[PDB]
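Okay, here's what each chain looks like letter by letter:
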Amino acid sequence: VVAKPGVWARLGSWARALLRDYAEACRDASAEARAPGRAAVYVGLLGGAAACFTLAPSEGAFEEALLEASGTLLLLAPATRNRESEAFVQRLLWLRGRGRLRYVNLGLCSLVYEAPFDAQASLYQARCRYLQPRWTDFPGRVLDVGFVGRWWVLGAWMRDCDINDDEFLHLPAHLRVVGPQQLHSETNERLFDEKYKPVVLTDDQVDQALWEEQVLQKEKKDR
Amino acid sequence: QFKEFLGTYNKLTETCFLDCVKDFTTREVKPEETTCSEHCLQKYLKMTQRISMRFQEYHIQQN
Amino acid sequence: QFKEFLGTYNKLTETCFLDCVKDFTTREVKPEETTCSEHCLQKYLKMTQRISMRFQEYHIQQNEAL
Amino acid sequence: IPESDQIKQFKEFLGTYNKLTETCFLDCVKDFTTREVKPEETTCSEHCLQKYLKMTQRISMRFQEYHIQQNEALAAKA
Amino acid sequence: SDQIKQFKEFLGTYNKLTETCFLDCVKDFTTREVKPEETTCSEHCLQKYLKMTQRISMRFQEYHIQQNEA
Amino acid sequence: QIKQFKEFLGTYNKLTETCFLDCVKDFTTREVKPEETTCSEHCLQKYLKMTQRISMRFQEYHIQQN
Amino acid sequence: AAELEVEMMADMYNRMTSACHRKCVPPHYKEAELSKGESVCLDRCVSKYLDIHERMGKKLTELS
Amino acid sequence: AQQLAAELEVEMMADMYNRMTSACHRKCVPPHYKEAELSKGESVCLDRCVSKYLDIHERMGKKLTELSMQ
Amino acid sequence: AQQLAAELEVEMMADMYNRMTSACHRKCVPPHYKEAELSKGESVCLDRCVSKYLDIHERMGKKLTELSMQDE
Amino acid sequence: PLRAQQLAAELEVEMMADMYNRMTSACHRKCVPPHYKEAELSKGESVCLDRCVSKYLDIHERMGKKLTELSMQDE
Amino acid sequence: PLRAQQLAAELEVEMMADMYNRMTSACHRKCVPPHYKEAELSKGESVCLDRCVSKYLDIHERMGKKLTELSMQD
Amino acid sequence: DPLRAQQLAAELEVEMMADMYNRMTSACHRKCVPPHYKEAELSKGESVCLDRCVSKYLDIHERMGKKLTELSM
Amino acid sequence: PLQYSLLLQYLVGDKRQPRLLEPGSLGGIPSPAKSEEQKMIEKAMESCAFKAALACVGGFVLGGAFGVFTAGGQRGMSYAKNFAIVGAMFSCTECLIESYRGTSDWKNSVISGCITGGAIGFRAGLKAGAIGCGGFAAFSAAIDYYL
Amino acid sequence: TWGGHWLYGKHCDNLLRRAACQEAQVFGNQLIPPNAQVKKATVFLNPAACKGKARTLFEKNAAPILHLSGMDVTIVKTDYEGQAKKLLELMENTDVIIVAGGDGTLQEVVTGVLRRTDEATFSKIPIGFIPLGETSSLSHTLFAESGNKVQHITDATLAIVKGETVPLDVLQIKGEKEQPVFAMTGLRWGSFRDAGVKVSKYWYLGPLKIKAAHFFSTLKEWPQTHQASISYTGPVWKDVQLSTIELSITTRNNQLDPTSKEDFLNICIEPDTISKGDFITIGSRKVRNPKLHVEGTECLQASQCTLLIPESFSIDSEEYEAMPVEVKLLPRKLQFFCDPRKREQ
Amino acid sequence: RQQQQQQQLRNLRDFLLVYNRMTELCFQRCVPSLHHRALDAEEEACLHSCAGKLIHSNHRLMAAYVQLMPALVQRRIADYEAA
Ligand SMILES: CCCCCCCC/C=C\CCCCCCCC(=O)O[C@H](COC(=O)CCCCCCC/C=C/CCCCCCCC)COP(=O)(O)OCCN
């Protein structure tokens with residue numbers, strides 16, 4: 001029993017030493033605060049953790065985004081659909097019909113690359129270690145990346161889907177600029193409303209002299 | 001007794017739309033414009049109701 | 001149809017006049033007024049054409065979702 | 001007549017046997033370079049089997065627990 | 001007996017709804033309780049799927065009758 | 001009759017609004033002020049002179065045309 | 001005739017409606033209902049509008 | 001039924017008349033009303049309004065019939 | 001009956017067409033009138049005005065027929 | 001004989017049911033997202049379903065025909 | 001409503017069997033990846049099922065309630 | 001008694017064999033005739049797997065049979 | 001008249017009556033008859049308290065043998081108790097992490113290793129944990145391939 | 001500096017493997033009806049052929065190219081030689097045959113095949129060769145000369161897929177008592193053979209073994225000469241008795257590729273006057289290039305001969321018990337696979 | 001006769017099952033995007049290819065399976081006899 005009490009006392013001493021070490025660590029943290037680099041480190045860590053928390057999951061996010069952009073494109077008419085965007089999406093959706101699409105979630109990012117064969121294939125033409133794609137060509141076969149929130153390419157190609165710049169080529173160069181001031185409809189309203197303005201009169205005397213001479217000419221012609 | 005209703009429908013659509021949406025940057029309405037539509041509908045309806053009441057307030061003294 | 005035609009023809013004279021007349025000292029119009037009359041027309045007409053096209057597109061679409 | 005009561009169990013056992021063979025085969029076998037079944041590609045199958053069985057057991061246990069609990073609650077509502 | 005097999009089809013599609021909505025919008029396998037942010041999916045998925053099936057059946061019968069006449 | 005009454009009623013309910021919003025600015029009471037009564041009178045006379053003038057000139061044009 | 005007067009009054013009502021819409025309330029639409037400063041809009045708009053309507057019909061029947 | 005089209009046409013002529021009346025009123029009849037006395041400059045601006053509007057009306061009729069037949 | 005409803009519908013469609021024309025001309029096309037051909041940004045603004053106006057029209061019609069039996 | 005035609009019709013019906021239960025599930029995973037934020041069919045879906053059905057049945061008939069002729073030329 | 005209860009017994013046993021099968025397949029799909037190195041279930045893959053069963057039966061009952069509600073609203 | 005039951009067992013055996021044939025088709029297709037969809041004729045590596053998958057699936061359908069006859073003795 | 005709004009209540013509803021089912025009446029493979037006294041035995045065997053105790057005693061024996069080898073005493077006992085402590089911590093840590101995530105993957109092991117390394121470093125010095133994390137993380141990563 | 005070159009070489013070999021696999025794939029995505037049947041194959045492999053470092057070399061550098069080429073490739077492994085012989089005696093019909101290893105297993109296979117009592121049709125079966133061995137005699141008249149270690153084997157096994165063919169001649173030598181034995185290149189008997197044999201035993205020094213096998217064989221005795229008789233014949237049966245250090249009975253080496261009129265064996269009898277000094281320097285080269293002869297020796301053309309030796313020689317790098325024998329040529333009896341460029345020649 | 005009728009009925013049954021499966025699969029992987037309501041060329045080609053390929057596959061598998069099965073059922077009956 002005495003030996004057990006001594007062991008308990010030793011455990012208590014170890015706990016006291018750990019508490020002293022924790023106090024020393026707190027003092028070191030206070031010293032770091034006295035000297036903002038630690039605040040910047042904390043901010044960087046918080047940003048990393050926030051990115052890792054709100055990272056893009058393929059299984060739901062990519063399926064939903066693709067299958068929703070397809071719906072957005074359906075409604076439009078063939079005369080107004082940016083050919084390149086429709087083609088890109090038909091591609092992404094002609095793969096997913098197969099299993100060519102793969103996915104991976106990093107801690108701060110997430111990629112979507114294509115393979116040349118599906119995942120259930122057990123052929124040797126697909127399993128051969130000497131036909132698989134090279135390491136250096138992986139970035140040449142990546143499709144859509146989610147930096148922090150949503151996907152940063154699908155949106156980029158889905159941003160101007162309605163506009164079709166094919167039939168707008170009957171125009172000079174200074175009609176193709178589509179800078180935003182031409183869409184925010186504040187100035188056009190003013191210019192339209194300022195069409196009916198009480199016009200000023202300043203030359204009443206000379207104008208009426210001209211009208212008088214004109215009626216005199218008419219009278220002369222009547223005779 | 002029904003044509004006036006659709007007339008008001010069209011007129012208030014025109015009003016709300018002309019008075020809120022001013023971006024035309026994206027083909028799809030923003031939520032702010034949905035709030036516009038809601039508020040405009042409610043306000044124009046209350047205004048029409050009050051107009052009708054104050055107009056009957058003219059016939060109560062005219063008849 | 002004919003009614004639509006005459007109505008747009010009346011609306012367009014109104015708008016183009018109201019838009020491109022800024023001289024009221026004279027009795028007669030200068031050629032710039034003719035240039036407007038000729039530009040306003042084609043522009044308004046291309047506009048109305050595009051609008052009617054998109055409207056008919058929406059119309060057949062809504063008729064195709066019953 | 002009383003044969004049907006067991007015929008159905010036997011037939012369901014056969015159905016699940018095939019439905020399970022298919023899955024163990026899809027998941028284990030990945031080497032079509034030899035008409036013979038490799039050793040890995042059969043121990044993997046045995047493991048697929050035993051894991052599926054141990055899973056079904058746990059499933060039934062938890063389901064039966066849930067059911068008796070809900071039934072006791074129902075009977076107590078009376 | 002026909003109404004009975006009708007109700008049986010009903011039960012079958014109800015199991016189908018259960019499984020489908022489950023697989024689609026039940027992910028976080030951390031706790032033993034239905035997360036409050038995915039017990040509303042269920043409510044949605046249910047009527048969504050019902051309306052989907054009704055629309056499908058409508059188009060199917062329309063097509064089959066377009067054929068039957070010809 | 002009515003072939004010439006519609007235009008009169010239109011003139012009436014048009015001048016109503018065209019003058020109700022030119023000088024009626026202060027909105028605190030429930031009655032007009034003399035600055036608005038004389039305003040409306042002037043609206044009436046000026047608008048009537050304007051309309052009869054426009055009609056006279058229209059007929060003058062149609063005459064000098066054919 | 002009298003029915004033409006009825007539809008005339010209907011058009012006149014529809015007219016005064018928009019006539020006062022802008023005068024009363026601005027195109028802000030931040031709140032979904034009327035404030036009190038504008039709750040007095042229409043009982044004033046319509047009153048003055050009808051006063052003017054009648055006093056104008058007077059001068060119109062004058063020449064008639 | 002051509003006389004029906006003709007009375008339609010005269011109705012449209014009347015609507016154009018009223019539209020141009022309103023247009024020129026807004027254009028050169030300032031909103032002051034301080035004097036009911038119709039001013040001289042405006043007295044002739046009205047003539048100019050009507051003349052120019054009719055000139056544009058006929059020019060547009062011509063050009064637009066040409067466009068339509070084209 | 002049927003003819004009356006048809007006239008009602010076609011009239012209420014012509015009215016909204018005229019109004020949408022007036023609006024989308026109010027908002028997108030500027031009044032310059034120097035080149036008798038449209039630009040690109042405005043030929044886009046037109047499509048977008050039409051789409052948005054129609055969306056709003058359907059949406060308000062729905063939310064208003066809502067307030068046809070709920071106001072009872 | 002009567003029972004033969006009876007069973008043939010019953011079986012045609014069962015196969016039609018199978019095709020229906022396959023078509024619904026195939027169009028689901030191609031038109032409907034898992035989003036389920038809304039609770040009612042939007043326009044995109046109410047269109048993509050009609051378009052999936054106006055295509056699946058076309059395929060059905062086309063394959064029926066090409067398949068019967070291929071199986072006939074085979075033997 | 002008595003013959004109703006008999007029919008209820010029958011359809012109940014049947015639908016319960018069907019749901020058992022669905023739940024088996026779904027919990028397999030979610031809580032068990034295809035590795036099969038060893039037979040004994042891992043620790044996480046032995047609790048994920050205790051979590052799938054309940055998260056599935058609660059779903060079942062919620063759908064039952066909502067569906068009865070929609071049905072009475074015929 | 002056992003004769004009639006033995007017969008029914010043979011019937012169930014036939015049914016099982018048909019089910020297995022169908023699942024074999026499904027799997028041996030999903031697994032080694034991947035979707036390229038440019039020619040209607042089978043290639044060579046495929047026409048080989050198609051012959052291997054069968055002998056590699058039927059060995060499993062038998063091993064599992066012995067195992068399950070053991071456990072559910 | 002079936003009144004779907006009522007048969008559902010009798011099937012799924014508070015109006016339902018008790019049900020007496022059989023285990024095998026549903027399900028493909030009838031679960032083998034099992035004693036009601038072994039399930040808690042397996043629950044205890046799998047619960048990672050037992051696995052943590054196993055790691056404790058295993059690291060104890062390991063440190064004992066290590067002190068036996070290094071000398072040729074007392075140091076062996078210290079090494080044994082230290083190994084036992086760290087192992088009992090690591091096992092329970094990875095168990096809790098897994099039971100939370102529900103998935104068995106290298107993430108659990110790396111996380112537990114970093115946790116132990118950082119805790120030890122901080123017990124000695126905060127700056128030491130910042131490297132003990134990475135060290136023991138790489139250790140428990142390579143252990144999977146050695147495993 | 002040193003490891004970098006090693007890594008670069010590994011990289012280039014991976015590259016070559018990948019390229020050849022692509023070509024084989026091209027050869028494998030070829031259409032065929034379902035009723036049709038595929039070209040089978042049968043592979044005989046002796047793992048302990050070069051140094052035991054064959055299994056891996058074959059599984060890496062050529063097995064793929066066999067599996068992509070669209071042919072049912074059944075692999076077999078010959079634990080020992082008698083196993084191969086019996087197996088091949090009990091072999092069934094096929095469409096090709098393949099053998100991976102030095103000329104030893106190749107000779108064993110050809111024996112098992114053409115010894116087949118009932119088949120002159122197997123002599124129609126196109127066999128293939130894959131030189132996993134460090135050095136080969138056929139590879140010079142059958143393949144590209146050489147690149148790396150792996151390029152040679154890759155191109156060789158690829159020629160099989162190419163589907164070419166070449167008729168080659170062999171020779172049958174009969175032990176008066178033992179069953180016949182066939183061979184492709186020839187047999188050798190004498191000093192240089194013993195040297196080439198014992199070189200492995202002297203594994204302690206890599207640089208000196210290439211010469212000290214001969215060196216030490218000299219220190220036993222220099223005049224390592226032995227006599228025997230022969231009765232040969234032309235492409236009438238005149239005999240010759242003679243004593244040498246070494247004797248080699250071999251096939252031609254040049255006119256097998258092109259066309260000519262004659263069908264004749266080639267022999268090479270060696271003198272016995274060479275000094276030990278010229279003996280070491282020449283054996284060291286011969287062990288790596290057995291084609292050449294020492295100097296001024298006699299190599300007369302024949303077709304069929306017989307050896308009478310007074311009371312242990314090697315056949316294509318396989319040891320055998322010596323005895324009086326009857327040796328005969330079989331012209332264009334087998335069909336092999338050659339690179340097409342050589343076929344052009 | 002009724003036996004042969006039942007047999008041909010079962011044959012028709014599995015035939016139609018195959019037909020349904022084939023429709024499902026060829027539509028699931030020769031129709032990615034449905035933007036036009038009508039079938040175009042490349043998709044018709046994908047259909048022809050999938051169908052022909054699948055039919056050939058099934059023929060091959062039937063051949064191999066009928067080659068093998070007898071041995072396996074013989075093994076089965078032999079083990080039963082041993083038991
Ligand atoms: C500049 C020269 C110095 C070199 C230093 C090293 C740099 C490394 C950068 C990455 C190189 C690219 C190669 C990536 C790995 C390739 C492996 C591979 O095959 O890819 C995937 C493996 O997936 C991955 O893990 C992808 C690799 C992702 C790399 C993550 C590293 C993150 C570094 C980000 C770089 C950004 C640079 C910006 C700097 C920011 C600093 C502030 C294979 O998947 P399978 O299952 O085989 O499917 C294929 C079936 N046929």
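Residues numbered from 1 in each chain as written, not as in the entry; some residues may be left out. Chains lettered and ligands numbered in written order. Heavy atoms only, no water. Residues with missing side-chain atoms left out of burial classes, pairs and counts.

Listed as the method for this PDB entry is cryo-EM; the listed resolution is 3.7 Å.

Visitor: Provide a residue-level description of the site of the ligand, including the pertinent values.
Guide: Residues and elements named next belong to chain A. Around the ligand, the neighbouring residues are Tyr113, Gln132, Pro133, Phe138 and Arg141. Within the contact set of the ligand, an oxygen atom lies 3.4 Å away from a side-chain nitrogen or oxygen of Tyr113. Between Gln132 and the ligand, the recorded distance is 2.6 Å, taken from a side-chain N or O atom to a nitrogen atom. For the ligand, the accessible surface in isolation is 1,200 Å², of which the surrounding protein chains cover 26%. Broken down by class, the residue content of the shell around the ligand amounts to 3 nonpolar, 1 polar and 1 charged. (Near = heavy atom within 4 Å. Polar contact = N/O pair within 3.5 Å; in protein donor to acceptor, adjacent residues only side chain to side chain. Areas by Shrake-Rupley, 256 points an atom, 1.4 Å probe, with all protein chains shown as cover. Nonpolar A, V, L, I, M, F, W, Y, C, P; charged D, E, K, R; others polar.)

Visitor: Now, about the state of the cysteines: what can you tell me, with residues and values included?
Guide: With the rule as written, the count across this model stands at 26 disulfides over all chains. Covalent S-S linkage joins D:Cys28 and D:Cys44, the inter-sulfur distance amounting to 2.0 Å. Taking the sign of the torsion about the S-S bond as the criterion, the disulfide between D:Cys28 and D:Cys44, at about -85°, is left-handed. Of this pair, D:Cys28 sits in helix α1 (residues 2–28) while D:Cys44 is found in helix α2 (residues 40–77), placing the two residues 16 residues apart along the sequence. Note on D:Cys44: relative accessible area 13%, which makes it buried. In this model, G:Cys20 is linked to G:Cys45 through a disulfide, with the two sulfur atoms separated by 2.0 Å. The sign of the 75° torsion about the S-S bond sets the G:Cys20-G:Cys45 disulfide as right-handed. Placement of the pair is G:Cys20 in helix α1 (residues 2–24) and G:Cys45 in helix α3 (residues 41–63), with a sequence separation of 25 residues. Among the residues examined, G:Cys20 registers a relative accessible area of 5% and is labelled buried. If the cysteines joined by disulfides in chain I are listed in sequence order, their pairing comes out as 1-4, 2-3. (Disulfide = S-S within 2.5 Å. Helix = DSSP H or I, 4+ residues; strand = E, 2+ residues; numbered from the N terminus. Buried < 20%, exposed > 50% of the residue type's maximum accessible area, 1.4 Å probe, protein only.)

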